[PDB]
Amino acid sequence: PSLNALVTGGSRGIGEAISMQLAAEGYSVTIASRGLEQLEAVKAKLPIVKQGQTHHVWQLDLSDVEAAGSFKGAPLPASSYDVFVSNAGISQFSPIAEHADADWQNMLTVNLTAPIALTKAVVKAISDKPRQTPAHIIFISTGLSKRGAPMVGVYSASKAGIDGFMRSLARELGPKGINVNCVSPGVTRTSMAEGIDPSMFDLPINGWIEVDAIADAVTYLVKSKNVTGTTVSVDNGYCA
Amino acid sequence: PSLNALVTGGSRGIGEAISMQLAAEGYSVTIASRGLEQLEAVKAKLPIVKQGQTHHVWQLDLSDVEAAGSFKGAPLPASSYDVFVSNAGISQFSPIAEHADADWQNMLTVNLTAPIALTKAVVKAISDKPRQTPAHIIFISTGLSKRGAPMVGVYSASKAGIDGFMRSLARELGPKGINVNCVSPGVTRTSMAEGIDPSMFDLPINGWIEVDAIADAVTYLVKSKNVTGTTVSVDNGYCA
Amino acid sequence: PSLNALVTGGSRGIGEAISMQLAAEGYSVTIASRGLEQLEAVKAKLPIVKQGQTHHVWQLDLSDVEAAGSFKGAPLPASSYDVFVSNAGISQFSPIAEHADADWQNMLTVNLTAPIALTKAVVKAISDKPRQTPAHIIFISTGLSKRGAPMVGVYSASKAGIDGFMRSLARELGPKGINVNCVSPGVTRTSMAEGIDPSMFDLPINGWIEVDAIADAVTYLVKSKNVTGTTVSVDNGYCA
Amino acid sequence: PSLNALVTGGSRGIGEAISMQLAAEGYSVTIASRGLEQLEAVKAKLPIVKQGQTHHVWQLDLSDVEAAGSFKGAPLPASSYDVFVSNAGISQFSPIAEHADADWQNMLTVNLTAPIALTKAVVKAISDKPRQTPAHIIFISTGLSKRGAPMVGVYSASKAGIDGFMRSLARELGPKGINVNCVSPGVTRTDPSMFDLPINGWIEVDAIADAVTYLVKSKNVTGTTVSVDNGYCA
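Here you go:
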C-alpha cells in the first residue's frame, strides 16, 4: 500500500531529485511549489512502480505562512502523509549592513516561518494515527547553519533555526512514532547556487555535489527507524 | 571616555543583571524594553562609578521590527555603542500541534526577526568607526537551542536561529574588530522562567541559576578580545 | 572488479552485520578479530554474489598496537583495501574513582591507540594509489562521545578521541581520494552493552537498536562520495 | 581561606599564565612539571595576596601515568585540592603516514592517558569532601579537537578525547559538587596563518588564563568548552 510523501520545492534541483528517488521507492509523492507548469513536468517524470501509487501537484506559495499552516489548496489531507520533506528554501548573500529588508525578511519566512507552519499542520494531523513504523519529517538545511561564513548572516540564521526546530521536535515526537532529521547539503549544482561556487570554500573534496547525493541521504533516512534528532551532512567536508 | 553599551530586555531578569554589571564596570548603559516605568527604576538602580558615565532608557517595542531597524526613539546614535547585548526574548511552552499561531509567530519576531534588524542597524552604524580594541555583540540564547526538548519547538528554533546568525556574523565582522558571541542560560530564576523549573530537566547541578551568573558570562565576554563565534553555556550542565 | 573491505571487530554484533551487508554488496571482506572460531563461522555466512569476490579472516588481537600497525598475520596487504571499517572496541562502566587501572588503560588501547595504528598503516599503503571513486575509512563511535553520561568516562574519551581523529583525517585525506567518517550507534543489541540498557538513557525512541540499523548507515556511507568529516548518528535520539 | 589549586605544565606558557592568575585570586598554587629549575623561578614570582596562601612545586614527569595516578613525589595529598587545571600537553604536526610511532604514542600518553590517571586520583580523594561551593576540574583542549585540520590527526584525537572525558565527568561529578570544563585555545604564543581566522594573529597566554579564572569563580558552568580561538571554530 503506497505511502504518501510531501516534498516542498519538489519541482526543481534537490527537491526534484528527492521526489524522483522517493517515487522510485514506491512513495506516492506530492510535490509543492509556485510554478504549475514546472510541477506538472516533474510529475510526468515520477516513476510509478507499485500499483496504487499516485503522484500529485500542489501549487503552493512557499512564502505564504497562512496557506502553509492551513494546508490551503493541497491535493490530499495533511493526515495522509507518512513522509514530509521540507526542501523549500531561498539563498541570499550580502554584508548584513546592506541586506535589503524586504529580501532578508522574505528569506526568513520562506526558510523558517512557513515550514514551521507547515510542520504544525502535518504533526497535528498525524500525531495520534496508529503506526507500527515511524513517520518521518526531514528538513533540508545547509552547512552554513553549523559553520559560519561571511555574508550569509540571515541565511545561516534561518536554517540554524530549522536545525533547532528539528532537534526539539525529535524529542517531542519520538514517543508518537515520528522521526525528525535534517539533511545538510554543501554547494550543490542548482539555482540558488547561481552566483556561489565550490572554489569559494575550503573543501576537502573539491568541486560540485550533484543533486542525487542529497537525495541518497533523504532516502536513507526515510528507510530508517532509529535515526532522529540528527543531521546527515553531504557537504564535501565543509563542516569537518 | 566611558564606553556605551546597549542592552535590550534590560528592564528585569537577566538583562537587568547584565546592565548592573556593565554599569559597575564603568559602561554607560542604554536599556531598552517596552515598560518605561520598569526601565526608569532600573536606570535609578544602575551604578555610577566614574566621571562622564551616563545611563539611559529607550522605550522600544521588542516586537516592532521596523522600529528596531530604524533605532526609533533611541536616546543616542546607533553609532555610539561599543557593546550591544541582545538580551530580548519570550519563552513559550506548548505541544507544537497546540501552539497558537499568534503566540509562536510573535515569539519568533521578538526572539529572532527584531534582533536581526536591530543588529543590522548597529553593525551599519559601527562597522567603519576605528578601534584598537574589539566592539562586542552578544546574544542571549538558551540551552534549548543546542539540546532538544519537548514542547519548546518554536522557542528552540528562534534561539538556534540566533546561534546561526551569531556564527556567520562572527566570521563577517571579525576583520572589522567586532566580536560576536552567545551566552546560553539554563533554567534561570526569572519571572520569565514561569511554571517551568529546574526539576523538569536532567541536570548535573540541580536548582536554579541566579541571573548574576548569566551576567558574569557577559562581563567575561566584554573584556575579552580573542573570543568570537562562540557560546558560553551557563546551564548547570544541561548541554553536557 | 570486487573491492576489498577490512572490518575489525568483524566477528559479531555490529561488525558482523556490517561485514554481511558489505558482502551482499559485492565487497571482498576481511573480518578481523581475536576469536578464530567466531571469525570462521561468520565467513562461512558471508554472501558471495559476484565473480572474483573472496572473503578472509584475520586473527588479530585488537589490543596489540604493534601487530595492528604492521598488519601482523593479515591475509592481504594494507594496500589491497578500498574500505576500512574500524569497529574494534570494548565498553566498561564504572565511577571513575573505582575504574581499575588495567581495565581502563586496556579500553583506551583497544578503542583508540590500536585503531590509530591500523589507520596509519592503511593510509600509508593506499594514499598514492589512483582512484576514480573515493576510498572509505569509517569508525564506529558512540552517542556517549558527544553527550556526556555518568560512569562512562574513559569509554567516552576513547570514542571522542576517535571522532577527533576522524575530522582531522577527513581534511588531510580528502585531496587523496579518501573519505573519512563516523557512525555513532546508540544502545545496540549485542553481548557488548552488558549491564547497560536503553532505560538508563533519556531516549525519544525507546528500546534496543538492532545491529542492521548500524550496518545500513555504514552501507550508505560506503556508497557515497561527497560525505566526509561527519558523523552519522543511529542512536534513537540520544544526541538530540 | 585560600584554596589549593593544582596546575600541571604550570612552569611555561599557558600554565604559567594560569598559575599566575590563580595566585592573584587567592589560591595556593601547586605547579607540576618536569623542569625543576623553571618550577622554582615561577613559584618565586607567583602573587601573594591572601593570609595563609602558600605555593608549591611538584617535579612530575607528565608522561609517567603511574606517578600521575599515585601522586608520586607530590608536596600535598590529592585530598587538598579544590581546583585542578590539566594544562599538560604536547602538539606534533605530521602526515599520519609519516608520524613516528614513539612520537604519537608519547603525545597520546601526555595529552590523554596521564591526565585521566591524575583526574582519577583527584576525584577519588575529593569526591566526598563537604563543599559550600563546587570544586573545579578544568582541561586545556584546542580548537583542533572540534574542527579538523591536516597533519594533526593524533593531536586532535588526544584532545577530543579530553573533551569526551570532560562531558561524562561533568554528568558523573555534578551531584558530588565538582564542575568539569574545558578551555579550548587557538594558536597561542608559546602558526595562525595555517588557519582561517576571523581575528588575525596570535592569542596571548593571558587570554587563555582569563577563561580559566572565569570558570574557577563560576558555580553553574559544567559540561562545557570556553573557546578562546580567535573564531577558529565559528
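Residue numbers (this note's numbering), protein chains in the order written: chain C, 7 to 246; chain S, 7 to 246; chain H, 7 to 246; chain P, 877 to 1110.
The beta-carbon is built from N, C-alpha and C at its ideal position, and this holds for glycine as well.
Determine which residues share a DSSP beta bridge with residue i and list them.
i, result
"residue 237 of chain H", "H:188"
"residue 962 of chain P", "P:884 and P:1015"
"residue 1079 of chain P", "P:1064"
"residue 957 of chain P", "P:880"
Considering just the uninterrupted stretch of the alpha helix (DSSP H) at residue i, what are its terminal residues?
i, result
"residue 128 of chain S", "120–132"
"residue 164 of chain H", "159–179"
"residue 897 of chain P", "889–901"
"residue 69 of chain C", "Taken as a continuous stretch (DSSP letters only), residue 69 of chain C belongs to no alpha helix (DSSP H), as it is neither H nor E."
"residue 50 of chain C", "42–51"
"residue 987 of chain P", "Counting along the chain, residue 987 of chain P falls outside any alpha helix (DSSP H), and DSSP gives it neither H nor E."
Please compile the residues from chain S whose C-beta is within a distance smaller than 7 Å of the C-beta of residue i.
i, result
"residue 154 of chain H", "246"
Provide the residue span of the beta strand (DSSP E) that contains residue i, from first to last.
i, result
"residue 39 of chain C", "34–39"
"residue 935 of chain P", "932–935"
Report the neighbours of residue i on chain C: residues whose CB is nearer than 8 Å to its CB, in chain order.
i, result
"residue 1072 of chain P", "208"
"residue 195 of chain H", "Within chain C, no residue comes near residue 195 of chain H; the closest Cβ sits about 11 Å away, beyond 8 Å."
Run down chain S in chain order and give the residues with a C-beta less than 8 Å from the C-beta of residue i.
i, result
"residue 167 of chain C", "118, 163, 164, 166, 167 and 170"
"residue 78 of chain C", "Here the premise fails: no neighbours, minimum Cβ distance about 14 Å."
Along chain C, which residues have their Cβ under 7 Å away from the Cβ of residue i?
i, result
"residue 133 of chain S", "103"
"residue 173 of chain H", "246"
List, in chain order, every chain C residue whose beta-carbon is nearer than 9 Å to that of residue i.
i, result
"residue 181 of chain H", "210, 211 and 212"
"residue 240 of chain H", "230, 232, 233 and 236"
For a contact defined as C-beta to C-beta under 9 Å, what are the partners of residue i on chain S?
i, result
"residue 109 of chain C", "None at all; the shortest Cβ gap to chain S is about 12 Å."
"residue 157 of chain C", "174, 177 and 178"
"residue 114 of chain C", "114, 118, 119, 122 and 167"
Listing by chain order, which chain H residues have their CB less than 7 Å from the CB of residue i?
i, result
"residue 30 of chain C", "Within chain H, no residue comes near residue 30 of chain C; the closest Cβ sits about 15 Å away, beyond 7 Å."
"residue 875 of chain P", "The shown model of chain P, from 877 to 1110, leaves out residue 875 of chain P, and the question about it has no answer."
In chain H, which residues lie with their C-beta within 9 Å of the C-beta of residue i?
i, result
"residue 177 of chain C", "208, 210, 243 and 246"
Using a Cβ cut-off of 7 Å, pull out every chain P residue sitting near residue i, in sequence order please.
i, result
"residue 75 of chain H", "977"
Residues of chain P with a CB under 9 Å from the CB of residue i: which are they?
i, result
"residue 150 of chain H", "1040, 1043 and 1044"
"residue 125 of chain H", "972 and 1029"
Which residues in chain P have a C-beta closer than 8 Å to the C-beta of residue i? List them in chain order.
i, result
"residue 160 of chain H", "992 and 1041"
Cβ-based contacts, 9 Å cut-off: residues of the region 1067–1100 of chain P near chain H: 1099
Where the region 55–69 of chain S meets chain C: residues whose CB sits under 7 Å from a CB there: none
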